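Just so it is clear, none of the values below were taken in a lab; they were calculated from the coordinates. Here the Cβ is made from the backbone with ideal geometry for all residues, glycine too, and neighbour counts use every protein chain on show.
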Amino acid sequence: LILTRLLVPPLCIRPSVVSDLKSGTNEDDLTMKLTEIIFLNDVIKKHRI
Amino acid sequence: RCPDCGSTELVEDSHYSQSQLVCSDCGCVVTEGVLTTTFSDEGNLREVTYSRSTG
Amino acid sequence: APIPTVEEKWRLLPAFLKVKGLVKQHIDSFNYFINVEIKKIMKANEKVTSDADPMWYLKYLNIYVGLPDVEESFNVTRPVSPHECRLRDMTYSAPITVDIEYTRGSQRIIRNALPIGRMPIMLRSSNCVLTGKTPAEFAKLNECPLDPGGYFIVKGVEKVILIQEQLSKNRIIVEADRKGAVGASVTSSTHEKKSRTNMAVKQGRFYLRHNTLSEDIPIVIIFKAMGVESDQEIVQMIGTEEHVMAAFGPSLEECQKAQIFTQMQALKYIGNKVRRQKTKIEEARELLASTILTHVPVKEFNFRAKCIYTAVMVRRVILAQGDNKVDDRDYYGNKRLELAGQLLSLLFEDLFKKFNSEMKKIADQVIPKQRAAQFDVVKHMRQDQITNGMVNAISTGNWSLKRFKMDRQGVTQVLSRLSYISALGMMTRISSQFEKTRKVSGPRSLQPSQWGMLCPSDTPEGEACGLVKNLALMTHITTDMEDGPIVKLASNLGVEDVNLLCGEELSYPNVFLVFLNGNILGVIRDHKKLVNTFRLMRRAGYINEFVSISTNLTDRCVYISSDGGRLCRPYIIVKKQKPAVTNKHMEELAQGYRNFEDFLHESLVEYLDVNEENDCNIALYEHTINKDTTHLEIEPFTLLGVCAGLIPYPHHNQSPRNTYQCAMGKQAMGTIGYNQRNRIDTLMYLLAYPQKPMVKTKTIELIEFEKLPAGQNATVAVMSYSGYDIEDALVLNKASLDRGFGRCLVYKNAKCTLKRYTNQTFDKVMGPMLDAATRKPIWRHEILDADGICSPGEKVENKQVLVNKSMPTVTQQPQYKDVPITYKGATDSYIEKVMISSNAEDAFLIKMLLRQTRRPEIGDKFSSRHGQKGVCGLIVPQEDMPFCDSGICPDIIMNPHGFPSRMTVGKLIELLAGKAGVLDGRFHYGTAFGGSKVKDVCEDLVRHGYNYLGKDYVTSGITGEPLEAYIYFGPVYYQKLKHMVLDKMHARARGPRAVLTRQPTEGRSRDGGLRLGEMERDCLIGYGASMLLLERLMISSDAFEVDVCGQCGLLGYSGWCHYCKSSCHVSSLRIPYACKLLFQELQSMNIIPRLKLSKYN
Amino acid sequence: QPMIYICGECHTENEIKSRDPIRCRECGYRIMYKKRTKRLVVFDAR
Amino acid sequence: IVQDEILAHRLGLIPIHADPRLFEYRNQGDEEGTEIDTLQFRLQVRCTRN
Amino acid sequence: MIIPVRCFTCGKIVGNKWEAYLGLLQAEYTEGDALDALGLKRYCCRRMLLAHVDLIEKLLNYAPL
RNA sequence: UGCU
Ligand SMILES: *[C@@]1(O)[C@@H](COP(=O)(O)OP(=O)(O)OP(=O)(O)O)O[C@@H](n2cnc3c(=O)[nH]c(N)nc32)[C@@H]1O
Ligand SMILES: [Mg+2]
Ligand SMILES: [Zn+2]
Ligand SMILES: [Zn+2]
Ligand SMILES: [Zn+2]
Ligand SMILES: [Zn+2]
């Protein structure tokens, strides 16, 4: 019940559209949430060190 | 090339809202169907720039 | 001895429309906002300074908006027309300039003209280029003279700011609570803060609730805290009635239970009950003085007015606790309409405050630590902040004002260019504050307060029924006044000061309270004299004619309203059973000696508000005038709106019929304006041979719809023929359709952009790829010209390119990939014009105008100006169409079975009037509550030799024998709608799918398939077609084969299970792709579905 | 190849090449339309 | 300014005084037309200032 | 936009009488007697000529020219 | 935003 590992799903659940008209792409919210989680883990590790 | 006749006359001809890369000699369907997004799917994909995604 | 009636009384409406009416409201509001309100906002925020480095300041002197200009040229301004802005997809705005003075290094430096932003200029405004122009100049500028205007043009799209309808502020509302507790509420809103405070009787005692208090406290404690500590004085202020004391006794007992008897103790208790944002006593006093009841002012911590206000509120609550005299929210007398001017003023104030804060922050960051070089604001004065803010707020339509905590959506909408009537009706729409929150049916219902203000019948049919409304033909919206002379006259008329006497006088039956914009103005006796004198003074002119005065006897309150947004309507003053306006005055107005302003000044016509007409008596006609009459109705047909004004004889039809007729006229097909050829929109519908109606209304003549009609008059015969008109359908004539009847033109726009990226590279148009075998362009590039752009005059087929665009992939040699603009269309289209423009960003905008000439066929929808919408069922030839003695064959044959259930006698009256008019060479009038009578048209018919009932002897065309019953022939004004079967036809093959879920797309434009919703699944289940349901929902929609491991129950790939690192127990299985996605999402959510497979046997 | 266009207000035949600022002589209007084609087009009277 | 399709429809609605008995029906196709079953009417109008 | 050549119901040639009707309007003839003198007995052609709006000149005022 |  207490989680220590998060299961990032495949790319089929996280569709990415390459918008060549600008310098950016359309990404779902799950990718951003996982990126924020990884950033927070790195920040916690840095603070611990 | 065509898997049946080996010809390189592969043309992308949409037949009634159906994208299809088909040989122009024998009509052998090489590939068919394309995966697009849908509008609600398009709306829920958020715009993130390379300035943040690249690093 | 009948009362004389002025026949020319209707001439007062055109004179009123000459200066006010439909579109003048937004024009005047925008003019006021850009002339006075912007200057007031600039004066309020004239001085801005930073805390660090004192003696530094930035002082604003005067702000200008200037004339509309375009920043296309290289640092050069140039006048630009609205049509040019629409063509170039830019904004029609003017450069905002200001003169300022600042101190760079303690030396005062002034600037006489400095741009700070760009304000989108409304069309036909004071500073617009269209105003004060003749039709010749409109033609020179490529603009329609009949265009209503009043809308903004941003990035080429036309947006209209709808009128918002909200509740009146600073007003006590007594209503039942959630559980059913009759309480009161008051939302005090000042220029800075807006606080809603309530009072409940949940436990027989009055508890006051505010957002800044931890728990609701008794009202007696607040009384003791606000200065008045004597329980006797509190009771006298509440009321002297036996039931009032009996109801207030519990509150006194609860207060006496505690040890709160002084102002200090009450303030200490309040401070203890105050939430975090003697110090507690000071905070409690500050909240009581400023936060609670902000609209009630205190001179210097003198809570006498606030005490009287809360006492009157408690008295009203006590009175309502008995007889169920609960006030209703749907009463429009307590509604306020915020035009675009107020919204733009608030937005500009917020943006200016944000700009001032940003400038102060930049100064605080730059001045102290930059260098000895003295810093000045000019180097950081952002000139794009206000421009971008205005553009976003007008385009996106979402307004987020943090200073006021206002988050509104749908403020601006795309102006519907379906027809001139559509645009004119959409310009005068009103949106509500509810915005489809609950199906209350209260505000959605038609209230009697909408008399003469809003159109009762005009309402969109659908989910927005009752929330979207249109203004009446004759109405006005008031603005804000100074309120100075009003207070002066009230004080001079003997209104006693509320602070001079105690609250016991409020309980007397003859003492009437007087309120001013929610604030207690005082008390008065014999309010009849006060009201009469105030009305006489307003008629004389010393008081603004828009200041409303109303009297409610149930509460004994006289309200004096002077705030803006109130709805008013002109009425003729009636004195002693005779109106002030006479035939001599009407003749003078017709000859031009006087005008509507002269009528207003001579105490002949006056503006009445909803609250004022609630007490005043009005007469519909002269014969209805009795002894107890104060005003006379100008015209009854003005009750209907613009869209409803097109209905001929609407008082002979049903209300849903009129609603459907307005809804379909909002989509009717016809000409837009005299510049419709030069106009290039994403979708336009035009009619080949439009004809003005034979039965035209006075509203039609006023709105000049006859100059831009949206339909044709056809000889319609009401009968049943061939059984192809069973349910609302109609039969068209093949010969009539061949001779040009109903011919329509569909104009579509295809836009392409060739922009330059960051790198020194640009998108380029490649020439036509000529085939070396035949030395001619290929079938796809056949319509392209030498420059790769399709030339006008040719026909475009399906899957053909219009612009052979190629763009680089780098952003060493550039690598261009082709992205041509292919034409997706079932039918062919002809290119009319190809416009090429260049923006300031070196971007080439190419717009090709595609045209499609379509003929009425089976499936096309048609309307008959009476809500009798129908679909073309069959097209029989002329020889099959019946013929009369004269040889006239009907173009349209409608079903007579639709008349009994719908009671559309107005359609028959319109047909008879049109027949009489086409016979006698006249135009009959179908004015509401009037118009040409049936006797006149019957006399015309009998004089011209036709039957006096429309029915004529007709011979069958098929069998050649006469019919046993006469057919009802006559000209009816039929209008074609934009709903075309060619556009609504859809057929989906396998086609593409969605990336996330492998299922067909949604919309038809993106090649989407139909959806077998939950109801369809339920129907299939009820039928029991298990195999059919399976084939529909699994095989033909999201069929897929996955690999599942029989050991762990997880999903594998390519016959391999990575979990067990084995492939012996892995087997294939059919499963919907949606189900597989659900399983994957559950596995991600840690809810692991373990599938235990087994043999099908 | 001489590419010809028409001004929005002058209605004069102006010749410009590729990658040029869209402008018309003796004026400053920036709306340039393309002349109608010279190819034969067949229409039906139906 | 009049649309090409509207102009063609108006021209088609214009009657011709030619005797139909002296002509025949055009066969399926044959857009070029033959002398027996076709009639050509030229219309060239160039408007200019007086 | 422009007066149709043929009448929707019957099909009598009516486009050639538009200028004659305009001339009658410029004269003292009313709508009724002008339509009677033009030879329109049946009411369909009377409606066609009377309910028609002249917008061709309004569009030509905006034409490139 | 429109349509039944
Ligand atoms: C309309 O004025 C507003 C109102 O739309 P909402 O229903 O508030 O949009 P929503 O709440 O977000 O609905 P949903 O959750 O289903 O997506 O919005 C514009 N508008 C909304 N929906 C449409 C639409 O489907 N088609 C068009 N043309 N406009 C729409 C309207 O301006
Ligand atoms: Mg229906
Ligand atoms: Zn092949
Ligand atoms: Zn396994
Ligand atoms: Zn020019
Ligand atoms: Zn006719």
Item to check | In degrees, nearest ten, helix A:29-48 long axis to first principal axis of chain A (Cα) | outcome: 30 degrees
Checklist outcome for this item: With a Förster distance of 30 angstrom and the Cβ-Cβ distance between residue C:526 and residue C:256, calculated FRET efficiency to the nearest 0.05 equals 0.15
Next on the checklist: Given Cα positions, please report Rg to Rh for chain C, the hydrodynamic radius being the Kirkwood one.
Outcome noted: 1.01
Checklist entry - With the calculation restricted to Cα positions, what are the radius of gyration and Dmax of the range C:94-228 in angstrom? => result 27.2, 74
Item to check | Mean-position separation - Cα centroids, the range C:452-488 and the range C:242-307, in angstrom | outcome: 39 Å
Item to check | Cα convex hull volume per residue for chain B (Å³) | outcome: 125 Å³
Next on the checklist: Ratio of alpha-carbon Rg to the 2.2 N^0.38 Å globular estimate for the range C:239-337, to two decimals, please.
Outcome noted: 1.34
Checklist entry - Give or take rounding to whole Å, what are the principal axis extents of the alpha carbon atoms in chain D, in descending order? => result 43, 25, 14
Next on the checklist: Taking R0 as 35 Å, what FRET efficiency do you get between residue C:137 and residue D:35 from their Cβ-Cβ distance, rounded to the nearest 0.05?
Outcome noted: 0.80
Next on the checklist: Apply the a/c threshold of 1.5 to the C-alpha gyration tensor of the range C:464-604 and tell me whether it is rounded, prolate or oblate.
Outcome noted: prolate
Checklist entry - Can you give the convex hull volume of the alpha carbon atoms of the range C:42-118 per residue, in Å³? => result 126 Å³
Checklist entry - How large is the dipole of chain C about the Cα centre if only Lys and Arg carry +1 and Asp and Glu carry -1, each at its Cβ, rounded to the nearest 20 debye? => result 2960 debye
Item to check | Proximal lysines to residue F:17, defined as alpha-carbon separation beneath 24 angstrom and excluding residues fewer than eight positions away on the same chain | outcome: C:692, C:707, C:915, F:41, F:58
Checklist outcome for this item: Rounded to the nearest 0.05, FRET efficiency between residue C:795 and residue B:49 (Cβ-Cβ, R0 45 Å) equals 0.60
Checklist entry - Taking 0.36 nm per residue of separation and subtracting the Cα-Cα distance, what length does fully extending residue C:1011 through residue C:1070 add? => result 19.1 nm
Checklist entry - When ranked by the protection proxy of mean other Cβ atoms within 10 Å per residue, highest first, what sequence do the peptides C:670-682, D:7-19, C:264-276, C:1014-1026 form? => result C:670-682, C:264-276, D:7-19, C:1014-1026
Checklist outcome for this item: Taking every alpha carbon pair in chain E and sorting the distances into 5 angstrom bins from 0 up to the bin holding the longest one, the percent per bin comes out as 4, 13, 17, 22, 20, 11, 6, 4, 2, 0
Checklist outcome for this item: From the Cα centre of the range C:1-71 to that of the range C:966-985, the distance in Å is 45 Å
Checklist entry - Reachable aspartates and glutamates from residue C:1076, Cα under 15 Å, same-chain residues fewer than 8 places away excluded? => result C:1038, C:1041, C:1043
Checklist entry - Among C:446, A:1, which comes first, second and so on when ranked by fewest other beta-carbon atoms within 10 Å? => result A:1, C:446
Item to check | Only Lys, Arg (+1) and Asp, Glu (-1) charged, at Cβ; the range D:3-46 dipole about Cα centre in debye | outcome: 220 debye
Checklist outcome for this item: Taking a ≥ b ≥ c as the square roots of the Cα gyration tensor eigenvalues, with a/c under 1.5 meaning rounded and otherwise prolate when a/b beats b/c or oblate if not, the range C:364-488 comes out prolate
Checklist entry - Can you sort C:847, C:354, C:436 by how many other beta carbons sit within 10 Å, fewest first? => result C:436, C:354, C:847
Item to check | Compactness relative to 2.2 N^0.38 Å, alpha carbon Rg of the protein assembly as shown | outcome: 1.10
Checklist entry - Restricting attention to the alpha-carbon atoms of the range C:981-1097, what are Rg (one decimal) and Dmax (integer), both in Å? => result 17.6, 58
Next on the checklist: Taking 0.36 nm per residue of sequence separation and subtracting the Cα-Cα distance, how much length would be gained by fully extending the chain between residue C:617 and residue C:597, in nm to one decimal?
Outcome noted: 4.9 nm
Item to check | For chain F, alpha-carbon Rg and Dmax in angstrom | outcome: 12.8, 41
Checklist outcome for this item: Inter-part gap, Cα centre of the range C:83-119 to Cα centre of the range C:886-936, in whole angstrom, is 60 Å
